[PDB]
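Single chain ahead, written as structure tokens, the form deposited in one PDB entry.
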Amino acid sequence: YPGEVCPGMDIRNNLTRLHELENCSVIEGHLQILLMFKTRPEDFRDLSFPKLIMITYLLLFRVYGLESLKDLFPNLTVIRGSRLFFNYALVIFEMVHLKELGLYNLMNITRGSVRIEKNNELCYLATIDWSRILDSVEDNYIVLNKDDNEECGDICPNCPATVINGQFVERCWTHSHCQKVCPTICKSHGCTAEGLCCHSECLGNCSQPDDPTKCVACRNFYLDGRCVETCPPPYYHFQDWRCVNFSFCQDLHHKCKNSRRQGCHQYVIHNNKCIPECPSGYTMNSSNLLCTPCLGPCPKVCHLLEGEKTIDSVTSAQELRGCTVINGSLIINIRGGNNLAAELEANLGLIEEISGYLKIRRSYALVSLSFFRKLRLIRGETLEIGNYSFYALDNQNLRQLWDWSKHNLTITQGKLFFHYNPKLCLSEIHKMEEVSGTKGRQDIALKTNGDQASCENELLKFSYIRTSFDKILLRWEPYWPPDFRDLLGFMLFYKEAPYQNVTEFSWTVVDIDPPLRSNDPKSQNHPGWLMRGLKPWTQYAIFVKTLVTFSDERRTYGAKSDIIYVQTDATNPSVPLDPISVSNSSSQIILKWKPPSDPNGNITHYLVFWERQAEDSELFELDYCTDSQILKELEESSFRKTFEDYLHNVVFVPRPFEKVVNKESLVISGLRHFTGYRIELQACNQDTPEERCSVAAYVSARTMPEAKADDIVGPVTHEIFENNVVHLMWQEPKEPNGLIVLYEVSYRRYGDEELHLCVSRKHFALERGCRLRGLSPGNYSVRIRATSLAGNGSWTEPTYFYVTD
């Protein structure tokens, strides 16, 4: 950080205040630019702040005339995110004439997220990758701006591509810059232009690779001249990025002591950290600036103003971090559906004694209140309307409160309340009632909780299972409520679960009528269901549910069965698809196939068959020379029960084969040179006993031919007749290429022209070879070439004879 250090600032109205960024390379706080309502692109064209390198949130809002930060902040590298704005470390809001971001030198945002919203001129938003900027991208928020209602031309000029939704797109900042994507090996340490990973002490960028002195921004801590991991022992940590010795912390403490109105703090050294105040259990001697553990208990009491604080963001909770005794009430009003369990537990975890009421008004994203990890006793000295020390409302996703098998909560005064908690079962609410000691000593809505939650405390139990191929039968012990007519039927759910990843919260639902009731504990024809059909190897998760009519004065949740993972027994697999005979040698063929798309069972080894094929007879012979669900709940289930009960009231008056293992290819040797071959391949899955393979995959195969196969050996023995007919006999090739169908005979009188004759195999057999007719008298020559299924072999040796008139 070759520059000066300045605190956070807020700039508004006249642009002259923006000149206060004279030589500030790193800012010890947030930077805000706001309400520049009378500025044009002319004003922002010639102002730049390249010295700034690091920001500890950054917020821009309602700035007119500015088009881009490409010139304003060309070297802002890292935004730490120590103190977020709402839940975000960078906010760009209602920028009117902004066109592009231009923060190509921004590398990492350690903590928080980013929100750009309600712009009307910026572009290039879809061409930036946030996974390489901040870890948690699922909690970002860019909802409404330009290039979201009408796309821009985002001409990325240099710019590595990143995959999103399975498709690759290039990432760029402006029309002249692109995102710096360091390789995964460098991780957060960063890399230079050559791709060399920076030193572990660097974050994002470094002037020279593998040097803490050349880090653009220190990842862990910064000493007076170099990035360091934990600062030297004489230098304590400060603001999570600086290493400062006694002088700086002492000067800050003295300045705070001098100023009686500044919102400073009396800084203290603790655990090699200069911090505004050391946590509970430690007291300051006011002499050595080192706070020591206290004798009498001194909890970190945080006197809340106006007796009330509303928590709806990590910045609100962060104001209570390190607190142990809250001197006021507390409202939790998380919004948006973004999970905040980790930050809430980190900030409010040490809260033990709360001097007021606790209210959860509209916390939509909350799942549990476990983040009050050390919440021992609430006092309730300050109560809301109705005098409730614990309030719950509209918590849509709230599942459960503290783990009551482990927790121990005490409330002193006041009542509690619950309302519209659809995922909160009443059993947990009553456990809350009894564990806190409120009930009996001193509320819960009738039906607003667990409405969409499995409140069935009773557990069903499977009895017998029989799985086979595409069928499976289930059977569980009978269950009967006190009024057996209440049981409308059984609810069955099932899913295809490759692994254990289902927890009741996609299924296929099946309705089962109750079995006929039978007296005695005898066999009641144990209820069950027959599965319609399944894949021959899939694993399934199954559980059943009851369906019971509720009574106003009689609670009856029903029952459910624990989710059980059952995988059907295997069958024979399916035939592999796309086999090919990739013949490589005159006796070797490299068969290539790929596994079937539906193996219905793990492939252990392929079964290979190959049957020799005789050549076609044509070659040998031929001569070539919701209302409805509530509707069914009342007027034929409850109504049928009323008349039956009414009647009883009135009337009863009181007085060759090869197995290939883990390989998609096979090189079959010992094959013929060119003879056609038939191949059969099957997939097999459980063939430790006799084979149970699939059906055969069929391919015709043929090895590479050889010229020597069709070559005729030696000269041709000949005979001469007086009728100008010459008969000649030659040795047939021993191993012809598949089949020799015809022979090419070339004859020429000595020094004269050459003529050709076609002799077929039938002509070869009929005349016992060939017979040249019409030959002119004189010295003659003849040569023969053999034709096979592959081509033509070499000609015979020059044979010479004489023709007599």
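Rigid core (definition): largest C-alpha set, two forms, superposition within 1.5 Å. One-based numbering along the sequence shown.
Unshown form deposited in another entry; subsequent notes refer to it.
S.K.: If you fit the rigid core and then compare C-alpha positions between the shown form and the other one, only one of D251, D598, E117, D240 moves by 2 Å or more. Name it.
M.R.: Result of the comparison: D598.
S.K.: Does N395 move appreciably between the shown form and the other one, meaning a CA displacement of 2 Å or more on the superposed rigid core?
M.R.: No; that C-alpha moves by less than 2 Å between the shown form and the other one.
S.K.: For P798, is the C-alpha shift between the shown form and the other one 2 Å or more after core superposition?
M.R.: Yes, the C-alpha position differs by at least 2 Å between the shown form and the other one.
S.K.: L66: CA shift of at least 2 Å between the shown form and the other one after core fit?
M.R.: No, the C-alpha position differs by under 2 Å between the shown form and the other one.
S.K.: Relative to what we see here, could you say if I542 and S368 have their Cα atoms closer or farther apart in the other form, with a change of 3 Å or more?
M.R.: Between the C-alphas of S368 and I542, the gap widens in the other form (3 Å or more compared with this form).
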